[PDB]
Amino acid sequence: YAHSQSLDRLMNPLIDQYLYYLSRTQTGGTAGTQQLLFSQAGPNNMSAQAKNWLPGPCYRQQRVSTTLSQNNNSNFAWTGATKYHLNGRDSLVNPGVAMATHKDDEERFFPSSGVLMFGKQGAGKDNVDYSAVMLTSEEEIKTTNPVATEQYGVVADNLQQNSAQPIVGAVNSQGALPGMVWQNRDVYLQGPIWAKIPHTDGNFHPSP
Amino acid sequence: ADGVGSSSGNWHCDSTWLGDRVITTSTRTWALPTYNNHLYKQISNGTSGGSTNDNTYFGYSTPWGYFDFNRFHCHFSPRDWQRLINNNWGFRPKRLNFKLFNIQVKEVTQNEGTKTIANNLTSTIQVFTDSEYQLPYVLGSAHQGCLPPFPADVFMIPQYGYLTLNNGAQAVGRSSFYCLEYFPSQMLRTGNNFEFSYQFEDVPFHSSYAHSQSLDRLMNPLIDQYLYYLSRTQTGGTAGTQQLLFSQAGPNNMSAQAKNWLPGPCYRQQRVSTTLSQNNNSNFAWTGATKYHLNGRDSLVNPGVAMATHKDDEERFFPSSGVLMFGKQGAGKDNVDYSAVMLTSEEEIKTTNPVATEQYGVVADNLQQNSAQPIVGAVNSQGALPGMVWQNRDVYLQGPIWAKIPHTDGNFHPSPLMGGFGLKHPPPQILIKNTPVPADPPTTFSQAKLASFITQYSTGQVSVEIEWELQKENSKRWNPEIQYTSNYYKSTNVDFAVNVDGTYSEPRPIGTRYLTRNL
Amino acid sequence: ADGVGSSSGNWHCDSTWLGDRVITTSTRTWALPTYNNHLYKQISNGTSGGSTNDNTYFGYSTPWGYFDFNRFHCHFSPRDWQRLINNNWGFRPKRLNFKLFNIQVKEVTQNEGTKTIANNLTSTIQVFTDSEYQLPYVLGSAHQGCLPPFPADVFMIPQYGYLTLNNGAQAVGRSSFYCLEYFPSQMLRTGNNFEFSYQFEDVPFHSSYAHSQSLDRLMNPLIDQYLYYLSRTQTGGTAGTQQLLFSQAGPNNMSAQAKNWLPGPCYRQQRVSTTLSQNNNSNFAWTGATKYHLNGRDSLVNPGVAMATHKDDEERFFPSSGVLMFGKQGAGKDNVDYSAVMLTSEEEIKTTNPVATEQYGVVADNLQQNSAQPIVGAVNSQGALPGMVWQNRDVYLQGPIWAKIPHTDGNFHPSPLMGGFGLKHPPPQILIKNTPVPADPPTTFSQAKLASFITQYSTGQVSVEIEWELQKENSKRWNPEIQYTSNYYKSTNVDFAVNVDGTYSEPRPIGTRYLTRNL
């Protein structure tokens, strides 16, 4: 199934919240002075409302376009790939944690190793053109799952003061936070049915 | 026995304290308008018009209203809330009972500026609960329209509406539409009443207490460790040479001891001061905000993962979006001064929880060698690590009781980030509507749907009863604990009481964490 | 328990899917005007006034209204209709349950442009079903006034009337008059309710599926026939001489093979193109129409016997009157453009059914001899021949459910030509009327019937429940079948949902034929 709602839209669109947020830190005008003003977020501003939940974890990956001219001219397949490092070996994360293939109105982009790839009948082993492969798409989970190529979000990088303007850094990889919800990767007619959970002291969400 | 001249219910409002449980029942008077002229309407917001992509939505507004009691002040009084928080380590809701009774439906007539209200004895209202969770669940979003905190206030029932998938202001094929008349509902006249019962699924006690220890201090202060750490990598002197020296960390050096546990996860946020001159001069509210990015939209993390509001001896600082904010009675909607808001504080959890503004810690950024000095980077956001322990965000007298855990393949620690109890099968939504009564039709047949109705509203009483289980405080502490207290000094008004003009106010947020425990 | 202040029913609207059956219940709100000022009136149309002989009629209009749910969208939602058509080979109605409840009767007062509506608690309505089929049965005529497809729409009850024999605008001795107060009926006040049950007579499943084969292709493509046909009557060459040569028809020539079956009957119709420039320039609508002639009157055959709308690769052509035509929401009555109508398509049946526009075939027109070259004429209309097989016309979400088979000495394949289930004893007619309440009489006796009444109308809720039997799909087909799908691409509105202004629309006709079977 796909969700008919998204985490950020779970609200009642007709009613304001009884809570507040920090709307404005400065007076408007030619020379502004610092202040703290607060607002209740209603339907007008949905992005600023308080919420109970967070999108699923991410491990960021590189964006490839099916239109060739949009891609960088270089061989970035392995070098720009998203990898994990185990006992001195680097191995591609293929496909990795479940993340949406793309956001709205971009179907030409897909994460480099971040999606399953099936061949058409008679496809070769090595260096096969894009026409013989069949790419899947996880976009159904973009309701709860961050997009594979884009950042998770932004967090504060410093302490603010009148001498220091705020700095906000991007979160490319995010482990589990309390309040996250996510969807597992989809299953396909030609895809794998099961896997063996390794025998280990611990695991997290042991879905293949 | 259902009739015009006999009441279908009584006013039950009070609490009773039995042993390990408390039962709080409360009754209110409500008024239900006709919404949308008995129509469903799609509502949407696009980027056109100067609005941001982040605020776009698509959905529907329904003629139905809904009952919501999701705030604690609905069920508890301020005196009952004090008995709870001072005497107990924890509590959770056991079960629920709901009633609608004494229903009046009235029609409104206007001509020549004259306005007449009269009983319509044959009109009905429709009520159903969504037991199978087949509708969008809007309750856990902390909206207005809950039962008032003060029992003598008559309140208006909020309109029901929901959102679904969109691209900009446009719907997508998956976006779904719900007719609430496509559900079986009970129809009631003035003699009829409505009731149902609900039982909460098993949920962990909310922890009402603060820790009397901190993770980093769990040690015996009198004894050394039998383990070692790397104390010194260089000889002292004018020209030092590299060496490896080791020490046992005792009471003298506590920071260097070995430990079994780690502080809870963090997602860092920006520090705002209540003293204005200390804040940067700029509008950093949205730009410097901590956000998450979902399908091309950025949304503020409000409040976010539970983290301490501030460290020791800084009460002027708070995380920008990282704490709950309540308004004082009569506060406006937009751009309200700091004086009208009431900020909460999570500082009680600074024992196990990293501070919201500060970093989690530092990790090595490189490989060290005699040609390369060590570099150590700051960790602003940290996901779950084995060995972490943390506290959930506190609950407040006026704060939300529960939320619905989304239905998903996976979740992590599904406690609501605003507060309260996460529930897979929460209390159902209770939807109510005035049944439309059309005016006289044309006397010659027309296929068009009837657009002309009698203006009506309905009033009545709603009663809700929750049974709460209590976790008694077993502490062996010698010295007296901190309690929630009313100020002894004189004042013009009593706190949590009506004023001269007759309006009820809550002067401050009251958290639940007062008694203490050991880690 | 019947009283003013207690409801006599509840709102039951939903569907439940159990195994081989589905039960769809639906509830609506209705309004009933007083018709004809409580009078029966004869109505007629003659040739005088420029009207055609074909349109003449004689009949009566009655003060009574009637309930009609004969369209599928009354009972099914668009989601339920999708579950039905995608998963099932067939369905038929098993049984029926009907209810009237929560009845308000209201009086209207007007003076000085002021309009007052009030309850009249002692007024009644009258309801009876015609169980013995003793009245003219008007339901199977595909009129307006059915329950709305959308449950939140309040609808007006249509006026009842009937026609009988005429010569021009004049009655004949056989033409009959019916008083509906000459039937026993139940009288209801606000506390009273009405109910009855009905069981459908046994009827063949509607076939929801398309054939994956065609009559002419039923053969084994790999094998020759052991039979022969006349392949060649003349020697090839410059001067040929007559001969008889015979061949066995194999895969190479399929058209010439022997076959056991024939396509269904046809009554030919005229071909219209949706591309305007291809159509003749003239008004051929009525003149070039296919008609039948009954007692000096010509009437269009609309739609007629079931025939394929078009052949392969021509979707622009459709038979003139030979297909059902639905309007888009808000379409007018008269001379509406092609853009507002929605045409259906029967092309799924082109496997067994001749195409509506094209001929049935060709037959010999003469006896052949060496002096007479063979002549072969076209068969535009073909009655039943032994060995024919055919499909009935498809049923649609907004199309008619059933019809009453006329009571006659004989019929052939009594399936309704518009669609649905032919029934000798269909669901009865449900007739409803506001009982007249006269104003004050003169206080001195007068024999004249009272012409002065209190203006009244009534409202209430109607609930109907049908149990449908399902025929599950047993197909062993390997490749995936065609399904009914919502478009994935973005749009301003959701299909089958309300818009910004709040009106519900059905964007397209949805037929029932998607899954496939073998002949």
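Protein chains in written order, with the UniProt record's numbering: chain W, 427 to 452, 454 to 635; chain V, 219 to 452, 454 to 738; chain Y, 219 to 452, 454 to 738. All residues carry an ideal CB built from backbone N, CA and C; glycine is no exception.
Cβ-based burial, residue i [other Cβ within 10 Å; buried from 16]
{"i": "residue 565 of chain Y", "result": "buried"}
{"i": "residue 534 of chain W", "result": "exposed"}
{"i": "residue 701 of chain Y", "result": "exposed"}
{"i": "residue 634 of chain Y", "result": "buried"}
{"i": "residue 685 of chain Y", "result": "buried"}
{"i": "residue 432 of chain Y", "result": "exposed"}
{"i": "residue 255 of chain V", "result": "exposed"}
{"i": "residue 517 of chain Y", "result": "exposed"}
{"i": "residue 490 of chain V", "result": "buried"}
{"i": "residue 239 of chain Y", "result": "exposed"}
{"i": "residue 364 of chain V", "result": "buried"}
Below-9 Å beta-carbon distance, residue i vs any chain Y residue
{"i": "residue 659 of chain V", "result": "yes"}
{"i": "residue 238 of chain V", "result": "no"}
{"i": "residue 376 of chain V", "result": "no"}
{"i": "residue 628 of chain V", "result": "no"}
{"i": "residue 260 of chain V", "result": "yes"}
{"i": "residue 379 of chain V", "result": "no"}
{"i": "residue 220 of chain V", "result": "yes"}
{"i": "residue 251 of chain V", "result": "no"}
Cβ of residue i within 9 Å of any chain W Cβ
{"i": "residue 649 of chain V", "result": "no"}
{"i": "residue 523 of chain V", "result": "yes"}
{"i": "residue 355 of chain V", "result": "yes"}
{"i": "residue 512 of chain V", "result": "yes"}
{"i": "residue 679 of chain V", "result": "no"}
Minimum Cβ-Cβ distance from residue i to chain V less than 9 Å
{"i": "residue 232 of chain Y", "result": "yes"}
{"i": "residue 429 of chain W", "result": "yes"}
{"i": "residue 227 of chain Y", "result": "yes"}
{"i": "residue 618 of chain Y", "result": "no"}
{"i": "residue 372 of chain W", "result": "No statement about residue 372 of chain W is possible, as the shown extent of chain W runs from 427 to 635 and does not include it."}
{"i": "residue 625 of chain W", "result": "no"}
{"i": "residue 471 of chain W", "result": "yes"}
{"i": "residue 488 of chain W", "result": "no"}
{"i": "residue 609 of chain W", "result": "yes"}
{"i": "residue 622 of chain W", "result": "no"}
{"i": "residue 585 of chain Y", "result": "no"}
{"i": "residue 543 of chain W", "result": "no"}
Residues bridged to residue i (per DSSP)
{"i": "residue 429 of chain V", "result": "V:736"}
{"i": "residue 412 of chain V", "result": "V:318"}
{"i": "residue 424 of chain V", "result": "V:309"}
{"i": "residue 601 of chain W", "result": "W:485"}
{"i": "residue 357 of chain V", "result": "Its beta-bridge partners do not exist; DSSP assigns none."}
{"i": "residue 191 of chain V", "result": "No answer is possible for residue 191 of chain V: it lies beyond the span of chain V, which begins at 219 and ends at 738."}
{"i": "residue 512 of chain W", "result": "W:517"}
Exercise. Tell me, please, whether the segment 520-533 of chain W touches the segment 567-580 of chain W by the rule of three or more beta-carbon pairs shorter than 8 Å.
Key: yes
Exercise. Evaluate the contact criterion for the segment 281-291 of chain V versus the segment 708-718 of chain V: three or more CB pairs, one atom per stretch, below 8 Å.
Key: no
Self-check item: Stretch pair the segment 477-487 of chain W + the segment 588-605 of chain W: three plus CB contacts closer than 8 Å
Solution: yes
Self-check item: Residue ranges of each beta strand (DSSP E) within the segment 614-639 of chain Y, 3 or longer
Solution: 621-623
Quiz item: Is there contact here, the segment 638-646 of chain V with the segment 367-384 of chain V, by at least three beta-carbon pairs under 8 Å?
Solution: The segment 638-646 of chain V vs the segment 367-384 of chain V: no contact.
Quiz item: Is there contact between the segment 650-666 of chain V and the segment 263-271 of chain V, where contact requires at least three CB pairs shorter than 8 Å?
Solution: Contact between the segment 650-666 of chain V and the segment 263-271 of chain V is absent, because fewer than three Cβ pairs lie under 8 Å.
Quiz prompt | Three or more C-beta pairs below 8 Å linking the segment 718-738 of chain Y and the segment 611-628 of chain Y | solution = yes
Quiz item: Are at least three pairs of beta-carbons, each pair with one atom in the segment 671-685 of chain V and one in the segment 241-249 of chain V, less than 8 Å apart?
Solution: yes
Exercise. Quick one: which unbroken beta strand (DSSP E) runs of 3-plus residues sit fully inside the segment 554-596 of chain Y? Chain order, please.
Key: 560-562, 580-583
Quiz item: Should the segment 471-480 of chain W be called in touch with the segment 648-658 of chain V, which here means at least 3 C-beta pairs below 8 Å?
Solution: Too few Cβ pairs lie closer than 8 Å, so no.
Practice problem: Kindly confirm or deny that the segment 314-322 of chain Y and the segment 576-585 of chain Y touch, where touching means at least three C-beta pairs closer than 8 Å. | Solution: no
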